[PDB]
$ cat structure.cif   # mmCIF, N, CA and C atoms
data_target
#
loop_
_atom_site.label_atom_id
_atom_site.label_comp_id
_atom_site.auth_asym_id
_atom_site.auth_seq_id
_atom_site.Cartn_x
_atom_site.Cartn_y
_atom_site.Cartn_z
N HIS A 100 39.37 -4.69 7.00
CA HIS A 100 40.71 -4.92 6.49
C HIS A 100 41.01 -3.84 5.46
N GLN A 101 41.99 -2.99 5.75
CA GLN A 101 42.36 -1.93 4.82
C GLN A 101 43.41 -2.45 3.84
N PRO A 102 43.20 -2.30 2.53
CA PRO A 102 44.27 -2.60 1.59
C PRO A 102 45.32 -1.50 1.62
N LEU A 103 46.59 -1.90 1.56
CA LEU A 103 47.69 -0.95 1.54
C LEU A 103 48.58 -1.26 0.36
N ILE A 104 48.83 -0.24 -0.47
CA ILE A 104 49.59 -0.44 -1.69
C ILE A 104 51.08 -0.40 -1.37
N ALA A 105 51.89 -0.79 -2.34
CA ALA A 105 53.34 -0.72 -2.20
C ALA A 105 53.82 0.66 -2.62
N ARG A 106 54.00 1.56 -1.65
CA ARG A 106 54.54 2.89 -1.92
C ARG A 106 56.01 2.86 -1.53
N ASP A 107 56.87 3.25 -2.46
CA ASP A 107 58.28 2.91 -2.35
C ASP A 107 59.14 4.16 -2.45
N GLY A 108 60.45 3.97 -2.38
CA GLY A 108 61.37 5.07 -2.33
C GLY A 108 61.84 5.34 -0.92
N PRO A 109 62.10 6.62 -0.60
CA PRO A 109 62.49 6.96 0.78
C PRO A 109 61.31 7.10 1.73
N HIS A 110 60.09 6.84 1.26
CA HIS A 110 58.89 7.02 2.07
C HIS A 110 58.84 6.00 3.20
N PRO A 111 58.26 6.38 4.34
CA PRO A 111 58.14 5.42 5.46
C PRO A 111 57.19 4.28 5.12
N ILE A 112 57.74 3.08 5.09
CA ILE A 112 57.06 1.89 4.59
C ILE A 112 56.16 1.37 5.70
N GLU A 113 54.86 1.29 5.44
CA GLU A 113 53.90 0.97 6.48
C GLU A 113 53.32 -0.43 6.29
N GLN A 114 52.67 -0.90 7.34
CA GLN A 114 52.16 -2.26 7.49
C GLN A 114 50.65 -2.25 7.36
N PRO A 115 50.05 -3.36 6.89
CA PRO A 115 48.59 -3.41 6.79
C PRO A 115 47.91 -3.38 8.15
N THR A 116 46.76 -2.73 8.19
CA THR A 116 46.07 -2.39 9.43
C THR A 116 44.79 -3.20 9.57
N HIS A 117 44.16 -3.05 10.73
CA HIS A 117 42.91 -3.74 11.03
C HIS A 117 42.06 -2.82 11.89
N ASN A 118 40.75 -2.89 11.69
CA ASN A 118 39.81 -2.11 12.48
C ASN A 118 38.68 -3.01 12.95
N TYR A 119 38.12 -2.68 14.11
CA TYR A 119 37.08 -3.49 14.72
C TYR A 119 36.03 -2.57 15.32
N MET A 120 34.80 -2.68 14.85
CA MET A 120 33.73 -1.78 15.25
C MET A 120 32.67 -2.54 16.02
N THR A 121 32.22 -1.94 17.12
CA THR A 121 31.12 -2.45 17.92
C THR A 121 30.04 -1.38 17.98
N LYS A 122 28.81 -1.77 17.69
CA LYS A 122 27.69 -0.84 17.66
C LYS A 122 26.59 -1.33 18.59
N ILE A 123 26.23 -0.49 19.56
CA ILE A 123 25.12 -0.81 20.45
C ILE A 123 23.81 -0.47 19.76
N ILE A 124 22.84 -1.38 19.83
CA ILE A 124 21.53 -1.13 19.25
C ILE A 124 20.80 -0.06 20.06
N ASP A 125 20.30 0.95 19.36
CA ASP A 125 19.36 1.89 19.95
C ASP A 125 17.98 1.26 19.92
N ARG A 126 17.25 1.36 21.03
CA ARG A 126 16.01 0.64 21.20
C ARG A 126 14.88 1.62 21.51
N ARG A 127 13.75 1.43 20.85
CA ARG A 127 12.57 2.26 21.09
C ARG A 127 11.36 1.35 21.25
N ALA A 128 10.24 1.97 21.63
CA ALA A 128 8.98 1.27 21.78
C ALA A 128 7.87 2.13 21.20
N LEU A 129 6.70 1.53 21.03
CA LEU A 129 5.55 2.21 20.45
C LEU A 129 4.37 2.17 21.40
N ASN A 130 3.42 3.06 21.17
CA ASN A 130 2.17 3.10 21.93
C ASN A 130 1.01 3.27 20.96
N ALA A 131 0.13 2.29 20.93
CA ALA A 131 -1.13 2.39 20.20
C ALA A 131 -2.23 1.94 21.14
N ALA A 132 -3.15 2.85 21.45
CA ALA A 132 -4.21 2.58 22.41
C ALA A 132 -5.54 2.66 21.70
N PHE A 133 -6.48 1.80 22.09
CA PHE A 133 -7.86 1.90 21.64
C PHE A 133 -8.76 1.78 22.86
N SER A 134 -9.72 2.69 22.97
CA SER A 134 -10.58 2.72 24.14
C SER A 134 -11.86 1.95 23.87
N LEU A 135 -12.26 1.14 24.84
CA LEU A 135 -13.54 0.45 24.80
C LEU A 135 -14.37 0.92 25.98
N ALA A 136 -15.61 1.31 25.71
CA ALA A 136 -16.53 1.67 26.77
C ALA A 136 -16.96 0.43 27.54
N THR A 137 -17.43 0.64 28.77
CA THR A 137 -17.90 -0.47 29.59
C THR A 137 -19.20 -1.05 29.04
N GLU A 138 -19.97 -0.24 28.31
CA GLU A 138 -21.20 -0.73 27.70
C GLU A 138 -20.91 -1.57 26.47
N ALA A 139 -19.76 -1.34 25.83
CA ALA A 139 -19.40 -2.10 24.63
C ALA A 139 -19.08 -3.54 24.97
N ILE A 140 -18.52 -3.78 26.16
CA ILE A 140 -18.26 -5.14 26.61
C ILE A 140 -19.58 -5.83 26.96
N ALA A 141 -20.53 -5.06 27.50
CA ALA A 141 -21.83 -5.60 27.87
C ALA A 141 -22.64 -6.00 26.64
N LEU A 142 -22.37 -5.36 25.51
CA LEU A 142 -22.98 -5.78 24.25
C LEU A 142 -22.37 -7.06 23.71
N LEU A 143 -21.20 -7.45 24.20
CA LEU A 143 -20.49 -8.63 23.73
C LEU A 143 -20.82 -9.89 24.53
N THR A 144 -21.98 -9.93 25.18
CA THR A 144 -22.40 -11.12 25.91
C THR A 144 -23.13 -12.08 24.98
N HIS B 100 -13.56 4.95 9.67
CA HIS B 100 -12.47 4.44 10.49
C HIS B 100 -11.28 5.38 10.34
N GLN B 101 -10.95 6.10 11.40
CA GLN B 101 -9.80 7.00 11.34
C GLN B 101 -8.51 6.19 11.38
N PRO B 102 -7.65 6.30 10.38
CA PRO B 102 -6.41 5.52 10.38
C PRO B 102 -5.41 6.10 11.37
N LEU B 103 -4.58 5.22 11.93
CA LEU B 103 -3.72 5.58 13.05
C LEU B 103 -2.25 5.28 12.76
N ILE B 104 -1.38 5.93 13.52
CA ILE B 104 0.06 5.74 13.48
C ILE B 104 0.54 5.54 14.91
N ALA B 105 1.36 4.51 15.13
CA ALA B 105 2.10 4.37 16.37
C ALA B 105 3.33 5.26 16.26
N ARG B 106 3.28 6.43 16.89
CA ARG B 106 4.39 7.37 16.81
C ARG B 106 5.55 6.91 17.68
N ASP B 107 6.77 7.29 17.25
CA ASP B 107 7.99 6.75 17.85
C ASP B 107 8.19 7.22 19.28
N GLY B 108 7.64 8.38 19.62
CA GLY B 108 7.68 8.87 20.97
C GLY B 108 6.83 8.03 21.90
N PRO B 109 7.31 7.80 23.12
CA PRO B 109 6.50 7.11 24.13
C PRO B 109 5.45 7.99 24.79
N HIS B 110 5.25 9.21 24.30
CA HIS B 110 4.19 10.06 24.81
C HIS B 110 2.83 9.48 24.42
N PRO B 111 1.83 9.54 25.30
CA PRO B 111 0.56 8.86 25.01
C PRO B 111 -0.27 9.60 23.98
N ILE B 112 -0.97 8.82 23.16
CA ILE B 112 -1.91 9.35 22.18
C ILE B 112 -3.23 9.71 22.85
N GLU B 113 -3.43 9.22 24.08
CA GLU B 113 -4.46 9.49 25.09
C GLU B 113 -5.84 8.92 24.77
N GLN B 114 -6.16 8.73 23.48
CA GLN B 114 -7.42 8.25 22.90
C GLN B 114 -7.29 8.18 21.39
N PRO B 115 -7.90 7.20 20.73
CA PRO B 115 -8.21 7.36 19.31
C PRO B 115 -9.63 7.86 19.12
N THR B 116 -9.88 8.47 17.97
CA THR B 116 -11.20 8.99 17.63
C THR B 116 -11.81 8.15 16.52
N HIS B 117 -12.87 7.42 16.84
CA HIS B 117 -13.66 6.68 15.88
C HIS B 117 -15.14 6.92 16.18
N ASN B 118 -15.83 7.59 15.26
CA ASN B 118 -17.20 8.01 15.52
C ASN B 118 -18.01 7.83 14.25
N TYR B 119 -19.30 8.14 14.36
CA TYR B 119 -20.25 8.02 13.26
C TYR B 119 -20.69 9.41 12.83
N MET B 120 -20.75 9.64 11.52
CA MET B 120 -21.24 10.89 10.95
C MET B 120 -22.66 10.67 10.45
N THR B 121 -23.55 11.59 10.80
CA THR B 121 -24.94 11.56 10.37
C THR B 121 -25.27 12.87 9.66
N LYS B 122 -25.85 12.77 8.47
CA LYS B 122 -26.18 13.94 7.67
C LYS B 122 -27.64 13.91 7.25
N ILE B 123 -28.32 15.03 7.47
CA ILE B 123 -29.70 15.23 7.03
C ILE B 123 -29.63 15.60 5.56
N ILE B 124 -30.54 15.05 4.75
CA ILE B 124 -30.28 14.99 3.32
C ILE B 124 -30.43 16.36 2.64
N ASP B 125 -31.66 16.72 2.25
CA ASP B 125 -32.36 18.01 2.06
C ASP B 125 -33.63 17.61 1.34
N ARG B 126 -34.53 18.55 1.06
CA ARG B 126 -35.58 18.20 0.11
C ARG B 126 -35.92 19.39 -0.77
N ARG B 127 -36.19 19.08 -2.04
CA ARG B 127 -36.68 20.02 -3.02
C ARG B 127 -37.77 19.32 -3.83
N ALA B 128 -38.66 20.11 -4.41
CA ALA B 128 -39.75 19.57 -5.21
C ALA B 128 -39.92 20.38 -6.49
N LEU B 129 -40.09 19.65 -7.59
CA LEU B 129 -40.13 20.19 -8.94
C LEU B 129 -41.53 20.70 -9.28
N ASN B 130 -41.64 21.29 -10.48
CA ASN B 130 -42.84 21.98 -10.90
C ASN B 130 -42.99 21.89 -12.42
N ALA B 131 -44.24 21.91 -12.86
CA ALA B 131 -44.61 21.93 -14.27
C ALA B 131 -46.05 22.44 -14.35
N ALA B 132 -46.51 22.68 -15.57
CA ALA B 132 -47.87 23.15 -15.81
C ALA B 132 -48.28 22.73 -17.21
N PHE B 133 -49.54 22.35 -17.38
CA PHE B 133 -49.98 21.54 -18.51
C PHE B 133 -51.14 22.18 -19.29
N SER B 134 -51.54 23.40 -18.91
CA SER B 134 -52.90 23.96 -19.04
C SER B 134 -53.59 23.69 -20.37
N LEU B 135 -54.88 23.34 -20.27
CA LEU B 135 -55.74 23.07 -21.41
C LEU B 135 -56.76 24.19 -21.56
N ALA B 136 -57.30 24.32 -22.76
CA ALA B 136 -58.28 25.36 -23.04
C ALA B 136 -59.69 24.89 -22.70
N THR B 137 -60.66 25.78 -22.90
CA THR B 137 -62.07 25.52 -22.61
C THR B 137 -62.63 24.43 -23.50
N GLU B 138 -62.64 24.68 -24.81
CA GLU B 138 -63.29 23.78 -25.75
C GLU B 138 -62.54 22.47 -25.91
N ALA B 139 -61.26 22.44 -25.54
CA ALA B 139 -60.50 21.19 -25.57
C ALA B 139 -61.02 20.19 -24.55
N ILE B 140 -61.68 20.66 -23.50
CA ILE B 140 -62.21 19.77 -22.48
C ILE B 140 -63.38 18.96 -23.03
N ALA B 141 -64.33 19.63 -23.68
CA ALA B 141 -65.54 18.97 -24.15
C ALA B 141 -65.25 18.03 -25.31
N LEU B 142 -64.23 18.36 -26.11
CA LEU B 142 -63.86 17.48 -27.21
C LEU B 142 -63.23 16.18 -26.73
N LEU B 143 -62.45 16.24 -25.65
CA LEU B 143 -61.92 15.01 -25.07
C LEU B 143 -63.02 14.25 -24.33
N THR B 144 -63.96 14.98 -23.74
CA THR B 144 -65.05 14.34 -23.02
C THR B 144 -66.09 13.77 -23.97
N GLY B 145 -66.43 14.51 -25.02
CA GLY B 145 -67.43 14.09 -25.97
C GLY B 145 -68.67 14.95 -26.03
N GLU B 146 -68.67 16.10 -25.35
CA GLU B 146 -69.88 16.92 -25.27
C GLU B 146 -70.16 17.63 -26.58
N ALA B 147 -69.14 17.83 -27.41
CA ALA B 147 -69.30 18.51 -28.69
C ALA B 147 -69.22 17.56 -29.88
N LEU B 148 -69.28 16.25 -29.65
CA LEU B 148 -69.18 15.30 -30.74
C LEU B 148 -70.49 15.20 -31.52
#
$ encode --input "structure.cif" --output "C-alpha coordinates"
Amino acid sequence: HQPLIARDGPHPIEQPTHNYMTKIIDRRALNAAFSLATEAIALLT
Amino acid sequence: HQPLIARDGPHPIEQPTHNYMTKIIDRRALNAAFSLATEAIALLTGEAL
(Lines of atoms letter the chains of each structure in order from A and count residues from 1; the text may use other names and numbers.)
(Lines give C-alpha, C1' and ligand atoms only; values in the text may rest on other atoms or scores of the structure.)
Protein backbone atom coordinates (compact mmCIF):
# COMPACT_ATOMS: atom_id res chain seq x y z
CA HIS A 1 0.00 0.00 0.00
CA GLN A 2 1.63 3.23 -1.15
CA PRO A 3 0.85 6.37 0.86
CA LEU A 4 -0.04 9.33 -1.34
CA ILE A 5 0.05 12.87 -0.02
CA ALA A 6 -2.33 15.69 -0.88
CA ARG A 7 -0.51 17.58 -3.64
CA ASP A 8 -2.69 20.45 -4.73
CA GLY A 9 -3.02 23.32 -7.16
CA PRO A 10 -3.18 22.77 -10.92
CA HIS A 11 -1.26 19.49 -10.55
CA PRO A 12 -2.91 16.26 -11.78
CA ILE A 13 -4.60 14.85 -8.69
CA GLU A 14 -3.84 11.15 -8.34
CA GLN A 15 -5.42 8.20 -6.53
CA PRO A 16 -3.86 5.77 -4.02
CA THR A 17 -2.27 2.71 -5.59
CA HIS A 18 -1.75 -0.96 -4.78
CA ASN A 19 0.97 -3.46 -5.63
CA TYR A 20 1.03 -7.25 -5.42
CA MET A 21 4.21 -9.31 -5.55
CA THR A 22 4.59 -13.05 -6.12
CA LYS A 23 7.98 -14.70 -5.60
CA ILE A 24 8.82 -18.24 -6.67
CA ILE A 25 11.14 -20.07 -4.28
CA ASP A 26 14.51 -20.97 -5.75
CA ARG A 27 15.32 -24.52 -4.67
CA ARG A 28 18.67 -26.27 -4.26
CA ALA A 29 19.98 -29.53 -2.85
CA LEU A 30 23.16 -30.73 -1.16
CA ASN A 31 25.50 -33.70 -1.49
CA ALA A 32 27.50 -35.13 1.40
CA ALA A 33 28.93 -38.60 0.84
CA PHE A 34 30.91 -40.87 3.15
CA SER A 35 32.51 -44.05 1.88
CA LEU A 36 32.49 -47.30 3.83
CA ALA A 37 34.69 -50.20 2.81
CA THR A 38 33.19 -53.67 2.54
CA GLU A 39 35.57 -54.85 5.27
CA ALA A 40 34.30 -52.13 7.62
CA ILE A 41 30.81 -53.64 7.55
CA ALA A 42 32.33 -57.07 8.24
CA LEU A 43 33.91 -55.62 11.38
CA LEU A 44 30.41 -54.55 12.49
CA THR A 45 29.17 -58.11 13.09
CA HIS B 1 38.71 -36.10 11.42
CA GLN B 2 38.70 -33.91 8.32
CA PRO B 3 35.78 -31.46 8.61
CA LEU B 4 33.42 -31.28 5.65
CA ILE B 5 31.08 -28.89 3.85
CA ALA B 6 28.01 -29.78 1.80
CA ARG B 7 28.68 -27.44 -1.12
CA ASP B 8 25.70 -25.83 -2.84
CA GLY B 9 26.59 -27.30 -6.22
CA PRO B 10 25.16 -30.72 -7.03
CA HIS B 11 28.57 -31.75 -8.38
CA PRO B 12 29.88 -34.79 -6.49
CA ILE B 13 32.55 -34.53 -3.81
CA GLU B 14 33.43 -38.10 -5.04
CA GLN B 15 34.96 -39.18 -1.63
CA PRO B 16 35.78 -37.75 1.77
CA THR B 17 39.29 -38.19 3.14
CA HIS B 18 39.61 -39.57 6.67
CA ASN B 19 42.87 -41.33 7.47
CA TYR B 20 45.40 -42.00 10.22
CA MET B 21 48.75 -40.24 10.58
CA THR B 22 51.71 -42.19 11.98
CA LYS B 23 54.96 -40.52 13.00
CA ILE B 24 58.27 -42.10 14.02
CA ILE B 25 59.48 -40.22 17.05
CA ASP B 26 63.33 -39.83 16.96
CA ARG B 27 66.01 -40.75 19.46
CA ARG B 28 68.90 -38.90 21.06
CA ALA B 29 71.06 -39.78 24.04
CA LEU B 30 72.79 -37.46 26.51
CA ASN B 31 76.32 -37.48 27.89
CA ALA B 32 78.32 -36.57 31.01
CA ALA B 33 81.66 -37.43 32.61
CA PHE B 34 82.53 -37.73 36.28
CA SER B 35 86.26 -38.57 36.33
CA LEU B 36 88.02 -39.34 39.62
CA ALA B 37 91.73 -39.28 40.41
CA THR B 38 94.07 -42.11 41.41
CA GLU B 39 94.41 -41.56 45.15
CA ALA B 40 90.74 -40.63 45.49
CA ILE B 41 89.89 -44.28 44.73
CA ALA B 42 91.84 -45.79 47.64
CA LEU B 43 90.54 -43.19 50.10
CA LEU B 44 86.94 -44.06 49.27
CA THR B 45 87.81 -47.76 49.35
CA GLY B 46 89.92 -47.62 52.51
CA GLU B 47 93.32 -48.78 51.26
CA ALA B 48 95.07 -45.66 52.59
CA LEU B 49 93.22 -45.38 55.90
$ closest_atom_pairs --input "structure.cif" --of "chain B" --to "chain A" --cutoff "7 Å" --atoms "all atoms listed in the file" --output "tab-separated table"
residue	atom	partner	partner_atom	distance
B:104	C	A:131	CA	6.4
B:105	CA	A:130	C	4.8
B:106	N	A:130	N	5.4
B:107	C	A:128	C	5.4
B:108	C	A:128	C	6.0
B:109	CA	A:130	N	5.9
B:110	C	A:130	CA	6.9
B:111	CA	A:130	CA	6.7
B:112	N	A:130	C	6.3
B:113	N	A:132	CA	6.9
B:114	C	A:132	C	5.8
B:115	N	A:132	C	5.2
$ select_by_dssp --input "structure.cif" --residues "chain A" --states "helix (DSSP H, G or I)" --output "PDB file with N, CA and C atoms, in the coordinates of the input"
ATOM      1  N   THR A 137     -17.430   0.640  28.770  1.00  0.00           N
ATOM      2  CA  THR A 137     -17.900  -0.470  29.590  1.00  0.00           C
ATOM      3  C   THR A 137     -19.200  -1.050  29.040  1.00  0.00           C
ATOM      4  N   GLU A 138     -19.970  -0.240  28.310  1.00  0.00           N
ATOM      5  CA  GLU A 138     -21.200  -0.730  27.700  1.00  0.00           C
ATOM      6  C   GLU A 138     -20.910  -1.570  26.470  1.00  0.00           C
ATOM      7  N   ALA A 139     -19.760  -1.340  25.830  1.00  0.00           N
ATOM      8  CA  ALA A 139     -19.400  -2.100  24.630  1.00  0.00           C
ATOM      9  C   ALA A 139     -19.080  -3.540  24.970  1.00  0.00           C
ATOM     10  N   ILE A 140     -18.520  -3.780  26.160  1.00  0.00           N
ATOM     11  CA  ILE A 140     -18.260  -5.140  26.610  1.00  0.00           C
ATOM     12  C   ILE A 140     -19.580  -5.830  26.960  1.00  0.00           C
ATOM     13  N   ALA A 141     -20.530  -5.060  27.500  1.00  0.00           N
ATOM     14  CA  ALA A 141     -21.830  -5.600  27.870  1.00  0.00           C
ATOM     15  C   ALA A 141     -22.640  -6.000  26.640  1.00  0.00           C
TER      16      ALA A 141
END
$ axis_aligned_box --input "structure.cif" --around "region 114-130 of chain A" --padding-each-side "5 Å" --output "AutoDock Vina command-line options"
--center_x 26.8 --center_y -0.2 --center_z 14.4 --size_x 61.7 --size_y 17.0 --size_z 25.1
$ resolve_selection --input "structure.cif" --expression "the PyMOL selection byres ((chain A and resi 116) around 7)" --output "list in words"
residues 100, 101, 102, 103, 114, 115, 117 and 118 of chain A
$ write_last_selection --input "structure.cif" --atoms "N, CA and C atoms" --output "mmCIF file, in the coordinates of the input"
data_model
loop_
_atom_site.group_PDB
_atom_site.id
_atom_site.type_symbol
_atom_site.label_atom_id
_atom_site.label_comp_id
_atom_site.auth_asym_id
_atom_site.auth_seq_id
_atom_site.Cartn_x
_atom_site.Cartn_y
_atom_site.Cartn_z
ATOM 1 N N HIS A 100 39.370 -4.690 7.000
ATOM 2 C CA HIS A 100 40.710 -4.920 6.490
ATOM 3 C C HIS A 100 41.010 -3.840 5.460
ATOM 4 N N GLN A 101 41.990 -2.990 5.750
ATOM 5 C CA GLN A 101 42.360 -1.930 4.820
ATOM 6 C C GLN A 101 43.410 -2.450 3.840
ATOM 7 N N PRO A 102 43.200 -2.300 2.530
ATOM 8 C CA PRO A 102 44.270 -2.600 1.590
ATOM 9 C C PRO A 102 45.320 -1.500 1.620
ATOM 10 N N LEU A 103 46.590 -1.900 1.560
ATOM 11 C CA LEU A 103 47.690 -0.950 1.540
ATOM 12 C C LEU A 103 48.580 -1.260 0.360
ATOM 13 N N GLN A 114 52.670 -0.900 7.340
ATOM 14 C CA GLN A 114 52.160 -2.260 7.490
ATOM 15 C C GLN A 114 50.650 -2.250 7.360
ATOM 16 N N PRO A 115 50.050 -3.360 6.890
ATOM 17 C CA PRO A 115 48.590 -3.410 6.790
ATOM 18 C C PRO A 115 47.910 -3.380 8.150
ATOM 19 N N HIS A 117 44.160 -3.050 10.730
ATOM 20 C CA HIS A 117 42.910 -3.740 11.030
ATOM 21 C C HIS A 117 42.060 -2.820 11.890
ATOM 22 N N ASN A 118 40.750 -2.890 11.690
ATOM 23 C CA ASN A 118 39.810 -2.110 12.480
ATOM 24 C C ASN A 118 38.680 -3.010 12.950
#
$ atom_distance --input "structure.cif" --atom1 "CA of residue 136 (chain A)" --atom2 "CA of residue 100 (chain B)"
17.0 Å
